[PDB]
4 protein chains.
Amino acid sequence: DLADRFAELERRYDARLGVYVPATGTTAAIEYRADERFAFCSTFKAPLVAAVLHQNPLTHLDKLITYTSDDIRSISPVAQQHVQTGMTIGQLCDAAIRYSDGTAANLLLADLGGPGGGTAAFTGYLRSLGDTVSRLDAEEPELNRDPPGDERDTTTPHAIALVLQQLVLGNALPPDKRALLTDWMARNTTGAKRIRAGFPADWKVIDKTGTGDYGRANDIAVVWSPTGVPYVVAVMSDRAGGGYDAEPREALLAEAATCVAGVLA
Amino acid sequence: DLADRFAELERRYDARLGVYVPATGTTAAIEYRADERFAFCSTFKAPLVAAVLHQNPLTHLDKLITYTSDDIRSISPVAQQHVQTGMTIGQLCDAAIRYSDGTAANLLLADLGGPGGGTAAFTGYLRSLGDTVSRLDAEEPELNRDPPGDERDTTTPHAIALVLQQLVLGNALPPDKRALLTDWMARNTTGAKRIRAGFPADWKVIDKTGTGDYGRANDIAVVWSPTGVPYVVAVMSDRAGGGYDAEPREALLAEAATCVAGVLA
Amino acid sequence: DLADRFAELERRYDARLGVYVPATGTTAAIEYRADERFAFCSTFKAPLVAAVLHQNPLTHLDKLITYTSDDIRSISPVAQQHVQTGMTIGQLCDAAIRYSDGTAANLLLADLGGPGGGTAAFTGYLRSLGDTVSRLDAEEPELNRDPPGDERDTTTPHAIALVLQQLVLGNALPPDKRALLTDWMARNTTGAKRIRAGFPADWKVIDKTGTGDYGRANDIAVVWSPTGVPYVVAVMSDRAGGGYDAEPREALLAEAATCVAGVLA
Amino acid sequence: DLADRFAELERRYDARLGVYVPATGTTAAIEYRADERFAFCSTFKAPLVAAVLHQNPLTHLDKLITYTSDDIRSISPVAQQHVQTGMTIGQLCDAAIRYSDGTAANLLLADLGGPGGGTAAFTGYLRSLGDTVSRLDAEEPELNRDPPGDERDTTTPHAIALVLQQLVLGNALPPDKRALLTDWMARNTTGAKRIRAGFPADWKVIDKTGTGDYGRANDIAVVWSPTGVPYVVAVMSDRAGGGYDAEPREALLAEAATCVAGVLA
């Protein structure tokens, strides 16, 4: 009965929507286009910070990285502000999650090293976590604007929901590094009108958004019931039909989240 | 099926739940124990105010009313403070909507004249909105204490929703008088943890709570979707098994309002 | 010289304003009517929680205190919702500060015991702290409506600033108990349009507010420079000449609060 | 008095501070080093846009301007992504106000035509507004690195302040184009930590920042007191001496904006 509401919304917004909420115990797993590929956009920055955390001792966050004006090829609300002072790996993590800093993402990719600017190294991480589907091919800003139907720079709601579940709810990171990943997502500044807006205020919400061309708008999140149960909520959308220049519609994602919330209550 | 949910919430919370959302042009009506009598408790204070308004000119609102300390018989956070100065009728209106002032409701009843200190004149008024079910027989605070089974001082979620919908959305009052009600109901102080706690914050909510013995908790409220679509939501509950001292479980009404929000999104 | 802006502010709000900011290491005190008595109103609730915290082990915060609907003689946003279940001392503390709950403060005074329904014990605690001017005589709601000119239930901005400094910034409490009072003040709901509104958001502001008749309106707070210097700011006002029904003007306090920030920076 | 506060802030942050608020009817103007030259930096992009606006018709905003990868020489997070799409003038206007787009600056200058790649055109327009002092001479990013003492590419707080007042507050643009300026300015991303960070949140703030070398940081802004009254605040600063790569200190600009808020409150 919930796959009809989602469908009514797809036509309401001239958009395509994908949803996956992994199953807990006392509740069943919500899915809708759950295995249809959607473009990562900036949502990849959450496991990207998880990857960098994984591969290094905490003392590595204090390492200072330096960059030029030419490294700024995308919206960078923080990296634009320290071109000559540079920033430590730790701030790049802060920026990449809390401000969706495109440049910070691109440096953290580099910290991972390897071919393809670190993208292949990153897709390695997801595989390690059990994710046999996602793939990262470009850096910012290209990874937002692959053509519709192109499998490059894509994930599924099913697969991204489970990478998130392991990172914050599971054991992919040791607790000290996990709390860093969590607190960042919790102090995010970019998802106030998405899954955050579809849930009551006494539900805690930590999230990481993603936005790109072709009307793409995503929001992956972990939410906490007012009694303290956690649920993982992956919502994803595009409007590829209306062209590269199609505005995204955040309301669709907030409205989705409200259908989902009434189910988890 | 949304009715399996309300029976879940009943089991999880050890209660009897009652839900009625009038059908709008764009949605079908919600029903769960819709035409079962629940106790009014303090929810009658909303139709009470619109009664004094309906019979009297706006100038009536300045009739200062005086009272003794023996007239204070229920929770009356406001009446208690003016027991030597008195309160105008329009204060007793503020008093009784926003603080659920028991005593002020008793005065407001007396102001409607008639036998049983105005309860006859009041049920009388309800019937002019087409409501032949509900009745008010007691005063404050006895109406809160009727045994289960007993039909005195009872309404139903169907009955109360439609009355409310006439008074806030409909022409049951002219605009000048109508905005005094909606304003008090909007700046109410007693309902933060009920219907309000279960709709996301981009929804506007105005409510009047009621609470009494045998676990009685209610909230009648008019909500507004983030795009301005008004709905009407009547939620009532009692736990007439757990005893006369059974505690009311607000979470139940809040968990139920989230179910409704799922359907209206 | 900051005495000129204040006196200008007295004139266009038709109010009388008291202001005190104790002198920190590098900066000189700010005073203006700093020793003219002003009514406590509800600001006394914060050192009252201090007094209860002081005389009892932490486990005393679990004592269940039980009250009746007769005990509700004043605005009590939380105490009015737990008349049947009762409330613990730590619940009362939370209400007394974060919601200025009136009934909550009365039971806490009763926990202090002693003559005067506890007003004696509270006034003595203040002496212990160094305060030889303030005095609590009545309970709530009487303490809000002593007539102008009446020393009863009055403190001074001077005296209240030095009490608040010792509780928050000194050793008048031990760390475990002190960090409880701060958090309650840091998480207040009544203070958003006063000293909080007059300080840039990058400053941290914890406060307790007071409001009574004759346009009385105070706010007592500790603030933190965005580099972390702490300052104490006692601001108190009334409009007692306008009469018992004079409205308080919150913007006077925000604006006085902005005058002071300009000087702490 | 305030004059002494700004030289305090100068001593502590190790800069020379420049401050000018035009006098309004109600206030007397603030001046600190007000007619001393500081470097435009990015703040010229405010009058730059209004120049395109003034001279061309609205349709001109839809002229697409194509550019090469060689034309990217400054921090250009928006121009970096459209090297194939090109950008309309309206877009290069957005980029240059809200993201301080270096490479969209130049393009708009080249739209002003004439000699020096439109630097001669630009001052030209400045003089048509009364401003006899400021000159623009280079482009991005040369104009950000002129040595101290050099008069090229410089303005003064008194200078820039009155042009900004003409543009946002005055009649240097017909209201239809007057709104596109202020709108872009209101939704600016590059200046959260400067003047905005020094005025309370019930003050509305619009601004165009500038940054460069020798610790140069500026912020020109139009602020609105909570009652509705508008002021113009020009805040500039450098730290020549401490070196060419001497890091700029946003804190200073935020500090000084809090003293301004002190006087105007």
# chains A, B, ... in the order shown; residues from 1 in each chain; ligands from 1
call {"tool": "calpha_fit_and_write", "arguments": {"fixed": "chain A", "moving": "chain D", "output": "mmCIF file with C-alpha atoms, in the first residue's frame"}}
result
data_model
loop_
_atom_site.group_PDB
_atom_site.id
_atom_site.type_symbol
_atom_site.label_atom_id
_atom_site.label_comp_id
_atom_site.auth_asym_id
_atom_site.auth_seq_id
_atom_site.Cartn_x
_atom_site.Cartn_y
_atom_site.Cartn_z
ATOM 1 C CA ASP D 1 -0.406 0.249 0.340
ATOM 2 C CA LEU D 2 2.820 2.251 0.549
ATOM 3 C CA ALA D 3 4.219 1.080 -2.806
ATOM 4 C CA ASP D 4 1.343 3.022 -4.439
ATOM 5 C CA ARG D 5 2.066 6.184 -2.380
ATOM 6 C CA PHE D 6 5.638 6.541 -3.800
ATOM 7 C CA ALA D 7 4.387 6.355 -7.408
ATOM 8 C CA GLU D 8 1.811 8.981 -6.513
ATOM 9 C CA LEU D 9 4.567 11.221 -5.240
ATOM 10 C CA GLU D 10 6.442 10.342 -8.407
ATOM 11 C CA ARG D 11 3.592 11.514 -10.648
ATOM 12 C CA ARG D 12 3.082 14.819 -8.827
ATOM 13 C CA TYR D 13 6.696 15.978 -8.497
ATOM 14 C CA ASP D 14 7.692 14.669 -11.940
ATOM 15 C CA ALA D 15 10.550 12.438 -10.907
ATOM 16 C CA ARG D 16 11.563 8.835 -10.484
ATOM 17 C CA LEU D 17 11.879 8.114 -6.748
ATOM 18 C CA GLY D 18 14.239 5.693 -4.986
ATOM 19 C CA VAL D 19 13.577 4.583 -1.421
ATOM 20 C CA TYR D 20 15.129 1.921 0.852
ATOM 21 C CA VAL D 21 14.974 1.349 4.625
ATOM 22 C CA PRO D 22 16.832 -1.817 5.786
ATOM 23 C CA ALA D 23 14.589 -4.133 7.788
ATOM 24 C CA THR D 24 15.121 -4.134 11.531
ATOM 25 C CA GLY D 25 14.005 -6.806 13.958
ATOM 26 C CA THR D 26 10.738 -4.947 14.495
ATOM 27 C CA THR D 27 10.079 -3.735 10.912
ATOM 28 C CA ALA D 28 10.089 -5.118 7.374
ATOM 29 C CA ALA D 29 12.279 -3.309 4.890
ATOM 30 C CA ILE D 30 10.846 -0.572 2.662
ATOM 31 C CA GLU D 31 11.751 -0.794 -0.999
ATOM 32 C CA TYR D 32 10.803 1.441 -3.891
ATOM 33 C CA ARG D 33 12.942 1.252 -7.042
ATOM 34 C CA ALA D 34 15.393 0.073 -4.409
ATOM 35 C CA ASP D 35 17.985 -1.726 -6.574
ATOM 36 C CA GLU D 36 17.837 0.785 -9.452
ATOM 37 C CA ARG D 37 20.897 2.949 -9.920
ATOM 38 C CA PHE D 38 20.775 6.572 -8.922
ATOM 39 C CA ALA D 39 23.757 8.940 -8.877
ATOM 40 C CA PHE D 40 25.872 9.128 -5.675
ATOM 41 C CA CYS D 41 26.264 12.862 -5.967
ATOM 42 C CA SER D 42 27.548 14.324 -2.722
ATOM 43 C CA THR D 43 26.373 11.352 -0.664
ATOM 44 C CA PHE D 44 29.638 9.457 -1.328
ATOM 45 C CA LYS D 45 31.376 11.976 0.975
ATOM 46 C CA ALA D 46 29.857 9.998 3.833
ATOM 47 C CA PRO D 47 31.729 6.724 3.063
ATOM 48 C CA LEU D 48 34.645 8.824 1.756
ATOM 49 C CA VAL D 49 35.380 10.162 5.233
ATOM 50 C CA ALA D 50 34.996 6.755 6.875
ATOM 51 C CA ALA D 51 37.535 5.545 4.323
ATOM 52 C CA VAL D 52 40.237 7.968 5.490
ATOM 53 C CA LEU D 53 39.215 7.049 9.026
ATOM 54 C CA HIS D 54 39.440 3.242 8.537
ATOM 55 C CA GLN D 55 42.851 3.232 6.801
ATOM 56 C CA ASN D 56 44.963 5.837 8.599
ATOM 57 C CA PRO D 57 45.561 6.447 12.329
ATOM 58 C CA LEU D 58 44.100 9.355 14.334
ATOM 59 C CA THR D 59 47.296 11.420 14.028
ATOM 60 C CA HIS D 60 46.632 11.553 10.248
ATOM 61 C CA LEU D 61 43.885 14.156 10.970
ATOM 62 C CA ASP D 62 46.630 16.695 11.737
ATOM 63 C CA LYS D 63 48.367 16.326 8.416
ATOM 64 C CA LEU D 64 48.020 19.686 6.731
ATOM 65 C CA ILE D 65 47.292 19.520 3.007
ATOM 66 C CA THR D 66 48.147 22.605 0.990
ATOM 67 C CA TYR D 67 46.453 23.328 -2.320
ATOM 68 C CA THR D 68 46.376 25.924 -5.092
ATOM 69 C CA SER D 69 43.659 28.178 -6.437
ATOM 70 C CA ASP D 70 43.560 25.935 -9.517
ATOM 71 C CA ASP D 71 42.474 22.928 -7.420
ATOM 72 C CA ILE D 72 39.193 24.675 -6.550
ATOM 73 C CA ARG D 73 36.645 23.466 -9.099
ATOM 74 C CA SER D 74 33.471 22.619 -7.164
ATOM 75 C CA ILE D 75 31.267 24.449 -4.687
ATOM 76 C CA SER D 76 33.840 24.819 -1.924
ATOM 77 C CA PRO D 77 32.759 27.462 0.585
ATOM 78 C CA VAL D 78 35.280 26.220 3.149
ATOM 79 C CA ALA D 79 38.207 25.279 0.910
ATOM 80 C CA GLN D 80 37.853 28.716 -0.704
ATOM 81 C CA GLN D 81 39.065 30.521 2.453
ATOM 82 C CA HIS D 82 42.222 28.539 3.334
ATOM 83 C CA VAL D 83 44.088 28.608 -0.022
ATOM 84 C CA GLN D 84 46.994 30.055 2.008
ATOM 85 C CA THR D 85 46.552 28.319 5.377
ATOM 86 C CA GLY D 86 45.873 24.891 3.882
ATOM 87 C CA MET D 87 43.612 22.463 5.732
ATOM 88 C CA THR D 88 44.245 19.444 7.902
ATOM 89 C CA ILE D 89 42.600 16.162 6.979
ATOM 90 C CA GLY D 90 40.303 16.538 9.990
ATOM 91 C CA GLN D 91 39.269 19.899 8.584
ATOM 92 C CA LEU D 92 38.711 18.609 5.049
ATOM 93 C CA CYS D 93 36.625 15.874 6.725
ATOM 94 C CA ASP D 94 34.448 18.470 8.452
ATOM 95 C CA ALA D 95 34.073 20.548 5.301
ATOM 96 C CA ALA D 96 33.040 17.501 3.265
ATOM 97 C CA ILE D 97 30.358 16.218 5.637
ATOM 98 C CA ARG D 98 28.747 19.389 7.022
ATOM 99 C CA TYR D 99 29.118 21.754 4.015
ATOM 100 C CA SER D 100 29.361 19.245 1.112
ATOM 101 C CA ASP D 101 32.728 20.771 0.212
ATOM 102 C CA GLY D 102 33.511 19.821 -3.368
ATOM 103 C CA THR D 103 37.213 20.721 -3.197
ATOM 104 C CA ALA D 104 37.744 18.984 0.158
ATOM 105 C CA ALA D 105 36.200 15.861 -1.439
ATOM 106 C CA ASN D 106 38.930 15.636 -4.059
ATOM 107 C CA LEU D 107 41.703 16.247 -1.513
ATOM 108 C CA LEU D 108 40.443 13.343 0.619
ATOM 109 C CA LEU D 109 40.221 11.128 -2.465
ATOM 110 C CA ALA D 110 43.843 12.008 -3.295
ATOM 111 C CA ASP D 111 44.537 10.951 0.278
ATOM 112 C CA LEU D 112 43.152 7.524 -0.550
ATOM 113 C CA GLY D 113 45.754 7.393 -3.321
ATOM 114 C CA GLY D 114 45.985 4.963 -6.168
ATOM 115 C CA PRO D 115 44.567 5.430 -9.668
ATOM 116 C CA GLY D 116 41.872 7.787 -10.901
ATOM 117 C CA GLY D 117 42.871 10.208 -8.186
ATOM 118 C CA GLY D 118 41.631 7.666 -5.647
ATOM 119 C CA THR D 119 38.379 6.652 -7.307
ATOM 120 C CA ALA D 120 39.801 3.164 -7.733
ATOM 121 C CA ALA D 121 40.871 3.319 -4.073
ATOM 122 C CA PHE D 122 37.380 4.317 -3.037
ATOM 123 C CA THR D 123 35.076 1.703 -4.599
ATOM 124 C CA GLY D 124 37.809 -0.606 -3.405
ATOM 125 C CA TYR D 125 36.929 0.258 0.162
ATOM 126 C CA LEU D 126 33.212 0.086 -0.683
ATOM 127 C CA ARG D 127 33.575 -3.540 -1.825
ATOM 128 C CA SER D 128 35.343 -4.345 1.488
ATOM 129 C CA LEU D 129 31.967 -3.597 3.107
ATOM 130 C CA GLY D 130 29.865 -5.872 0.915
ATOM 131 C CA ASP D 131 28.821 -3.224 -1.666
ATOM 132 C CA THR D 132 29.286 -4.873 -5.070
ATOM 133 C CA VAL D 133 27.206 -2.390 -7.120
ATOM 134 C CA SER D 134 28.217 1.225 -6.483
ATOM 135 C CA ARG D 135 31.172 2.624 -8.333
ATOM 136 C CA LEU D 136 32.841 5.980 -8.190
ATOM 137 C CA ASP D 137 34.522 6.953 -11.414
ATOM 138 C CA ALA D 138 34.953 10.725 -11.768
ATOM 139 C CA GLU D 139 35.510 13.555 -9.250
ATOM 140 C CA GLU D 140 33.755 16.767 -8.213
ATOM 141 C CA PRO D 141 31.953 18.081 -10.186
ATOM 142 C CA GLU D 142 32.091 15.672 -13.124
ATOM 143 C CA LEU D 143 30.466 12.885 -11.072
ATOM 144 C CA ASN D 144 27.412 15.090 -10.583
ATOM 145 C CA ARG D 145 26.782 15.434 -14.362
ATOM 146 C CA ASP D 146 27.001 11.916 -15.879
ATOM 147 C CA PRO D 147 24.121 11.335 -18.337
ATOM 148 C CA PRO D 148 21.123 9.233 -17.315
ATOM 149 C CA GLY D 149 21.492 5.522 -18.025
ATOM 150 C CA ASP D 150 25.259 5.769 -17.603
ATOM 151 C CA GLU D 151 26.398 3.477 -14.785
ATOM 152 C CA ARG D 152 29.460 5.518 -13.821
ATOM 153 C CA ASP D 153 29.426 7.255 -10.420
ATOM 154 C CA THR D 154 26.109 5.598 -9.414
ATOM 155 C CA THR D 155 24.797 3.700 -6.387
ATOM 156 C CA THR D 156 21.339 2.389 -5.479
ATOM 157 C CA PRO D 157 19.202 3.018 -2.380
ATOM 158 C CA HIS D 158 19.546 -0.570 -1.284
ATOM 159 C CA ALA D 159 23.328 -0.363 -1.844
ATOM 160 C CA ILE D 160 24.140 2.868 -0.047
ATOM 161 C CA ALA D 161 21.672 2.121 2.770
ATOM 162 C CA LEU D 162 23.490 -0.976 4.035
ATOM 163 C CA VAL D 163 26.921 0.661 3.870
ATOM 164 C CA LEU D 164 25.590 3.595 5.917
ATOM 165 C CA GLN D 165 24.123 1.200 8.438
ATOM 166 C CA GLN D 166 27.506 -0.580 8.762
ATOM 167 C CA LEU D 167 29.202 2.782 9.298
ATOM 168 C CA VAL D 168 26.843 4.561 11.739
ATOM 169 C CA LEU D 169 25.131 1.509 13.266
ATOM 170 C CA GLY D 170 27.566 -1.358 12.567
ATOM 171 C CA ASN D 171 31.161 -2.192 13.289
ATOM 172 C CA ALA D 172 32.938 -0.900 10.180
ATOM 173 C CA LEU D 173 34.749 1.603 12.433
ATOM 174 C CA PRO D 174 36.041 1.358 15.998
ATOM 175 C CA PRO D 175 33.793 3.453 18.214
ATOM 176 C CA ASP D 176 36.396 6.216 18.635
ATOM 177 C CA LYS D 177 36.410 6.993 14.881
ATOM 178 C CA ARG D 178 32.769 5.895 14.654
ATOM 179 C CA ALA D 179 31.857 9.021 16.705
ATOM 180 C CA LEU D 180 33.674 11.580 14.602
ATOM 181 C CA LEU D 181 31.615 10.428 11.622
ATOM 182 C CA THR D 182 28.220 10.653 13.334
ATOM 183 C CA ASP D 183 29.087 13.914 15.008
ATOM 184 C CA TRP D 184 29.927 15.666 11.739
ATOM 185 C CA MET D 185 26.785 14.125 10.264
ATOM 186 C CA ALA D 186 24.573 15.379 13.116
ATOM 187 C CA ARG D 187 25.786 18.988 12.779
ATOM 188 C CA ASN D 188 25.312 19.042 8.985
ATOM 189 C CA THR D 189 24.228 22.327 7.437
ATOM 190 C CA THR D 190 23.259 21.235 3.931
ATOM 191 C CA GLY D 191 20.118 19.163 4.518
ATOM 192 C CA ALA D 192 17.428 20.937 6.551
ATOM 193 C CA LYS D 193 14.796 20.791 3.806
ATOM 194 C CA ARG D 194 15.005 17.047 2.936
ATOM 195 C CA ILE D 195 14.546 13.936 5.161
ATOM 196 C CA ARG D 196 14.867 16.025 8.328
ATOM 197 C CA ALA D 197 11.888 18.092 7.118
ATOM 198 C CA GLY D 198 9.694 14.984 6.908
ATOM 199 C CA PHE D 199 10.167 13.330 10.349
ATOM 200 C CA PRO D 200 8.701 14.857 13.520
ATOM 201 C CA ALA D 201 11.042 16.878 15.718
ATOM 202 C CA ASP D 202 11.155 14.249 18.498
ATOM 203 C CA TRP D 203 12.987 12.098 15.898
ATOM 204 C CA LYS D 204 16.756 12.530 15.799
ATOM 205 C CA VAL D 205 18.172 12.796 12.289
ATOM 206 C CA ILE D 206 21.670 12.597 10.816
ATOM 207 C CA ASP D 207 22.200 12.694 7.056
ATOM 208 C CA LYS D 208 24.480 13.384 4.090
ATOM 209 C CA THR D 209 22.733 14.966 1.115
ATOM 210 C CA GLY D 210 23.643 14.890 -2.535
ATOM 211 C CA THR D 211 22.590 17.094 -5.443
ATOM 212 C CA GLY D 212 23.505 17.420 -9.109
ATOM 213 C CA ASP D 213 22.013 17.697 -12.586
ATOM 214 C CA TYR D 214 18.898 16.258 -14.221
ATOM 215 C CA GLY D 215 16.999 17.127 -11.039
ATOM 216 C CA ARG D 216 19.164 14.847 -8.969
ATOM 217 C CA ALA D 217 18.603 15.169 -5.252
ATOM 218 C CA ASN D 218 19.409 12.553 -2.592
ATOM 219 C CA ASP D 219 19.534 12.153 1.149
ATOM 220 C CA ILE D 220 21.040 9.218 3.094
ATOM 221 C CA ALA D 221 20.203 9.359 6.783
ATOM 222 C CA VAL D 222 20.135 7.582 10.099
ATOM 223 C CA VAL D 223 17.010 8.464 12.125
ATOM 224 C CA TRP D 224 16.120 7.648 15.736
ATOM 225 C CA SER D 225 12.521 7.102 16.834
ATOM 226 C CA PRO D 226 11.699 9.035 20.049
ATOM 227 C CA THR D 227 11.959 5.820 22.109
ATOM 228 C CA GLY D 228 15.510 5.125 20.903
ATOM 229 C CA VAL D 229 15.238 2.706 17.997
ATOM 230 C CA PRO D 230 17.314 3.463 14.866
ATOM 231 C CA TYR D 231 16.432 3.028 11.174
ATOM 232 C CA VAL D 232 18.299 3.725 7.938
ATOM 233 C CA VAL D 233 16.506 5.786 5.274
ATOM 234 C CA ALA D 234 17.940 6.094 1.744
ATOM 235 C CA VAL D 235 16.034 8.584 -0.432
ATOM 236 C CA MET D 236 17.090 9.376 -3.982
ATOM 237 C CA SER D 237 15.466 10.979 -7.021
ATOM 238 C CA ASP D 238 16.184 12.410 -10.455
ATOM 239 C CA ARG D 239 14.100 13.841 -13.292
ATOM 240 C CA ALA D 240 15.936 12.827 -16.456
ATOM 241 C CA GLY D 241 13.718 13.804 -19.348
ATOM 242 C CA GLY D 242 12.742 17.188 -17.993
ATOM 243 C CA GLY D 243 16.322 18.032 -18.994
ATOM 244 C CA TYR D 244 19.919 18.292 -17.845
ATOM 245 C CA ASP D 245 19.323 21.522 -15.937
ATOM 246 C CA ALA D 246 15.941 20.226 -14.709
ATOM 247 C CA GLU D 247 15.570 21.755 -11.243
ATOM 248 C CA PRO D 248 15.600 19.235 -8.394
ATOM 249 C CA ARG D 249 12.722 19.078 -5.969
ATOM 250 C CA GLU D 250 13.604 18.793 -2.273
ATOM 251 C CA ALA D 251 9.872 18.708 -1.478
ATOM 252 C CA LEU D 252 9.697 15.229 -2.997
ATOM 253 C CA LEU D 253 12.381 13.934 -0.665
ATOM 254 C CA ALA D 254 10.575 15.503 2.298
ATOM 255 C CA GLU D 255 7.198 14.092 1.221
ATOM 256 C CA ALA D 256 8.517 10.511 0.951
ATOM 257 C CA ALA D 257 10.251 10.791 4.353
ATOM 258 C CA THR D 258 6.872 11.574 5.846
ATOM 259 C CA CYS D 259 5.370 8.326 4.465
ATOM 260 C CA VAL D 260 8.300 6.403 5.952
ATOM 261 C CA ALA D 261 7.612 8.035 9.294
ATOM 262 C CA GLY D 262 4.040 6.854 8.818
ATOM 263 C CA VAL D 263 4.956 3.167 8.581
ATOM 264 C CA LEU D 264 7.598 3.142 11.365
ATOM 265 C CA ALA D 265 5.461 5.041 13.918
#
call {"tool": "select_by_dssp", "arguments": {"residues": "segment 55-157 of chain C", "states": "strand (DSSP E)", "output": "number ranges by chain"}}
result
C: 64-65, 87-88, 154-155
call {"tool": "select_by_dssp", "arguments": {"residues": "segment 7-62 of chain C", "states": "helix (DSSP H, G or I)", "output": "list in words"}}
result
residues 7, 8, 9, 10, 11, 12, 13, 41, 42, 43, 44, 45, 46, 47, 48, 49, 50, 51, 52, 53, 54, 55, 58, 59, 60, 61 and 62 of chain C
